[PDB]
Amino acid sequence: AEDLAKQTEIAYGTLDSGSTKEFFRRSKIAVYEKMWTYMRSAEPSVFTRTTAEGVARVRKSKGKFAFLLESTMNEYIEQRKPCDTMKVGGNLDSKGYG
Amino acid sequence: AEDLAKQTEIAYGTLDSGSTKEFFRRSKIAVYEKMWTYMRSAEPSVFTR
Amino acid sequence: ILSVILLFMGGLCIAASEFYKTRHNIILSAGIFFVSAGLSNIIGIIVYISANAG
Amino acid sequence: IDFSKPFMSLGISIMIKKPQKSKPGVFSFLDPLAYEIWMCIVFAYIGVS
Amino acid sequence: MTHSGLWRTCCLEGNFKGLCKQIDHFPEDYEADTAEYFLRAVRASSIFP
Amino acid sequence: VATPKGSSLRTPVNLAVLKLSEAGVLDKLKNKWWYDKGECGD
Amino acid sequence: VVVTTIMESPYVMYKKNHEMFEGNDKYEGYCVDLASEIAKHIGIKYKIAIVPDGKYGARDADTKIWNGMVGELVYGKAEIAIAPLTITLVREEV
Ligand SMILES: NS(=O)(=O)c1cc2c(cc1Cl)N[C@H]([C@H]1C[C@H]3C=C[C@@H]1C3)NS2(=O)=O
Ligand SMILES: CCCCCCCCCCCCCCCC(=O)O
Ligand SMILES: CCCCCCCCCCCCCCCC(=O)O
Ligand SMILES: N[C@@H](CCC(=O)O)C(=O)O
Ligand SMILES: N[C@@H](CCC(=O)O)C(=O)O
């Protein structure tokens, strides 16, 4: 996450109405807060309607966009065709499904 | 300074009645505070005259 | 499979070398087959190992 | 008793007495190349000759 | 300081200066690798010297 | 963190633990009482 | 029971021929086999019903209207929401 602060050309975003988006909004951390403000004011719309749209957009991006999502969804895409996405960095928070 | 927290065999201290000693005492940092408590309770005397 | 064929072909030349004793190039032809068969066996081993690394 | 939500994540694991580092084998000079390459070099040596 | 020998090690400058002890060529500290067990057998027996 | 059956200290304790997880409290606690205590790092 | 779930992957996918089955049989994934196990034990006849608005769930600070799965349960439009629904504080009070 810190490496994102080191640059501004590469964009990133989070899914709408999803836990991840709510985490940045209420994150009282020095690095996570910064990210919440970068994306809210960034044009065009980085908050994709669904995960399917976001992943495809990153594929066509060729590297100018990074998609922020949960690890579980980040393991049935790196091992599925055309196999053109990779997870960089550990996890930011420990959560679970219910 | 962080690497000091990674170990305990190697000791360290600060001069007595000198700015450096006063810095750790009133340091409200996560790492510097830890050091102030390590040395104050460490025998023998690390605070040289 | 090619190595098996060449070894079989070389055997015939050796077998035929007891009827046409006057001819001498038959024995040479057998030598080429057995040497060529060995070179084909090298390729087969290399391909088999290389494929299993996929 | 009424448990609460997991505050941390664990999992059964095997602990063993850390086996001291081993000494490179007597024939460690063959390690840089796989056993297949050494076998094929012999075949190439015979074939070329 | 000890002037170790082929069979028995002794003492040098120190409290003891002549005390010798037969070296334990099979010391227990673990595991005995089969290649390490045969090196210490040849060593201990000093067959080659 | 358990609690006896019926104890009125079930609902405040659960939510409480969830508060600490979304604040970076738990993660720092783990990093300090585990990783930092490494006395054997060529 | 009206199970609420969302179209993700590999949580709720579809088969190579999804035109001819009828009902829950047509859904496959990780939150449909788990639902089978959860319902085989408790002994219930669940009915899968894909969340209409097609969102995971959130609360609009403007109108406080809970949308998505989390808002598909507070009003009474379903009971058991077997899906990927992370645990957060905003949702633990509803
Ligand atoms: N990484 S860890 O083990 O330190 C760790 C593990 C876990 C934490 C918090 C930490 Cl710091 N909280 C989660 C909790 C937060 C909400 C999501 C799952 C439960 C409720 N449980 S966990 O996934 O077991
Ligand atoms: C596809 C690769 C084939 C390799 C094996 C082919 C071996 C051919 C052997 C021919 C030998 C001929 C010797 C006699 C020649 C002559 O009559 O002068
Ligand atoms: C034909 C006579 C040959 C004589 C020399 C051969 C010596 C072979 C090795 C002897 C010592 C081996 C010691 C153990 C080595 C090991 O396993 O690590
Ligand atoms: N399923 C998560 C969101 C997933 C995501 O944002 O990628 C939730 O509870 O909202
Ligand atoms: N020069 C310092 C003392 C030396 C030190 O703090 O290390 C002072 O002003 O007190």
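Residue numbers (my numbering), protein chains in the order written: chain A, 116 to 213; chain B, 19 to 67; chain C, 51 to 104; chain D, -13 to 35; chain E, 577 to 625; chain F, 2 to 43; chain G, 5 to 98. Heads up, the beta-carbon is just placed ideally off N, CA and C, and yes, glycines get one too.
How about residue 3/G: is its C-beta nearer than 8 Å to some C-beta of chain A? Since the first residue shown for chain G is 5 and the last is 98, residue 3/G is missing from the structure and cannot be characterised.
List the residues that DSSP assigns as beta-bridge partners of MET17/G. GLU32/G
Per-residue burial, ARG67/B [other beta carbons within 10 Å of its own, 16 or more giving buried]: With fewer than 16 other CB atoms across the displayed protein chains lying within 10 angstroms of its CB, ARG67/B is exposed.
Between which residues of its own chain and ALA39/G is the CB-CB distance below 7 Å, once the five residues before and five after are set aside? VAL7, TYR50 and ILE86
Residues around ligand 3, please: the ones whose beta-carbon is closer than 6 Å to some heavy atom of it, in chain order. Those residues, listed in chain order, are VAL12/D, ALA611/E, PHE614/E, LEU615/E and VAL618/E.
Chain F contacts made by the stretch 139 to 155 of chain A, where a contact means CB separation under 9 Å: Interface annotation for the stretch 139 to 155 of chain A against chain F: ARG141, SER142, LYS143, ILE144 and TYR147, criterion Cβ-Cβ distance under 9 Å.
Looking at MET154/A: is its Cβ nearer than 8 Å to the Cβ of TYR191/A? no
Give the DSSP-derived three-state secondary structure of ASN32/F in the structure shown. Look at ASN32/F here: in three-state DSSP terms it is helix.
Bridge partner(s) assigned by DSSP for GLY211/A: Its beta-bridge partners do not exist; DSSP assigns none.
Could one say the Cβ of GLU604/E lies closer than 8 Å to chain D's Cβ atoms, at least one of them? no
Could you give the C-beta distance for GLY60/C and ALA87/C, rounded to a whole number, given that I count them as a contact under 8 Å? 7 Å
Below 5 Å from a heavy atom of ligand 1 - residues by beta-carbon: Selection around ligand 1 by beta-carbon proximity, strictly under 5 Å to any non-hydrogen atom, yields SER209/A, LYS210/A, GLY211/A, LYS(-9)/D, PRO(-8)/D, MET(-6)/D, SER(-5)/D, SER22/F, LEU27/F, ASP28/F, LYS31/F and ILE91/G in chain order.
Could you check which residue in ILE54/G, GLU32/G, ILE84/G and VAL98/G has the C-alpha nearest to that of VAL16/G? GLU32/G
Using DSSP with H/G/I as helix, E/B as strand and the rest coil, what is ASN189/A? helix
With a threshold of 16 other CB atoms inside 10 Å of the CB of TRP70/G, please say whether the residue is buried or exposed. buried
Interface residues of the stretch 51 to 67 of chain G facing chain A [CB-CB below 8 Å]: The residues in question are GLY58, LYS59, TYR60, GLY61 and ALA62.
To the nearest angstrom, how far is the alpha carbon of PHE69/C from that of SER100/C? Cα-Cα distance, rounded: 44 Å.
Taking Cβ to Cβ, would you say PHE42/B is nearer than 8 Å to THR32/B? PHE42/B is a Cβ neighbour of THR32/B, given a cutoff of 8 Å.
Could you spell out where the alpha helix (DSSP H) holding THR9/G opens and where it closes? Bounds of any alpha helix (DSSP H) do not take in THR9/G; it lies within the beta strand (DSSP E) bounded by 6 to 9.
Let's see if you can read the secondary structure: which residues bound the alpha helix (DSSP H) around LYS39/B? 37 to 44 is the extent of the alpha helix (DSSP H) around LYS39/B.
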